[PDB]
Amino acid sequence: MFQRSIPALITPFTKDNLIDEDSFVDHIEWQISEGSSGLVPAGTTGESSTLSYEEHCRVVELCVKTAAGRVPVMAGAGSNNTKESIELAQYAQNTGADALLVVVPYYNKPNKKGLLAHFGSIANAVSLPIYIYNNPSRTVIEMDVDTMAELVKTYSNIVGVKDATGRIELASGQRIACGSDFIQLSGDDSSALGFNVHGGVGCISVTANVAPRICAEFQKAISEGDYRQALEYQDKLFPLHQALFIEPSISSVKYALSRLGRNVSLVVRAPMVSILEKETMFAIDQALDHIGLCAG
């Protein structure tokens, strides 16, 4: 269902700090027409932390409605509050999302029993497929392979993992412990290539917001086993993958989009800021030039 290049969509805002619905719809349309194979609205790159409950639901509804069955929609239903995660997940199901992205809880640092209770509670409350989002660079705690495999064995609707660790030996461990039917998606753009050769089938991507066509061509080459061409694409994309997280990626991505001439405002929500250092903007501009996408 989910494969190849899947943007973790930004959430654009107006000058007045409302959801810029027309910008969001346009970005989704453009993503689909440039070759993105799926959509993740209201994830981390979507600024889930600074959306109200209502706005989070609106972002998911609007992504589901816009996509209109053309590509599958994996709605962000992440929080560190299990009851709220259930409510987000049930809203996503009822509005027509195809799957759920559920982050390992951050900040309050549950132990293994707490992870089983969190993901089990969600799995019991919805019938949609659930993807575990493992990102210890943000959550501190990391779901281990034994816990992942136990969840996969216990609950039919826990089907996959967004693996943002960038440690691809884990892709092999997860493939052996959970089975080759388990859907593994990279959550780290710069190691997505190696992640797929170890068993992954796609990438939930920051850079795809900015360069959807080349990211789609990159993932197509991997799926066809043209790993020579995929490396050629890797070498062209890697400087952009890296430039987009010199400073926080949500600000960096929106800057890159405006420099491409897209209808996306620079506005982000505190504690994120839109101001980038001169050297950061130049690193992004040169990485975009290097993929032609700008100057050539």
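For every residue, the number given is its place in the sequence shown, counted from 1.
Asks: Looking at the deposited entry, does 222-230 or 79-87 carry the larger mean Cα B-factor?
Replies: It is 222-230.
Asks: Which wins on mean Cα temperature factor, 151-159 or 133-141?
Replies: Higher of the two, by average CA B-factor, is 151-159.
Asks: For the listed residues 121, 95, 184, 172, which one has the largest C-alpha B-factor as given in the deposited model?
Replies: By C-alpha B-factor in the record, 95 ranks first.
Asks: Would the CA B-factor of residue 252 place it in the lowest, middle or highest third of its chain?
Replies: As the PDB entry reports it, the C-alpha B-factor of residue 252 lands in the middle third of its chain.
Asks: If you rank every modelled residue in this chain by C-alpha B factor, which third holds residue 27: lowest, middle or highest?
Replies: CA B-factor rank for residue 27: middle third.
Asks: Against its chain's modelled residues, does residue 67's Cα B factor rank lowest, middle or highest third?
Replies: Middle third.
Asks: Give the position of residue 178 by CA B-factor within its chain, expressed as the lowest, middle or highest third.
Replies: Ranked within chain, residue 178 CA B lands in the highest tercile.
Asks: Lowest, middle or highest third: where is residue 9 by C-alpha B factor in its chain?
Replies: For residue 9, the deposited C-alpha B-factor lands in the lowest third.
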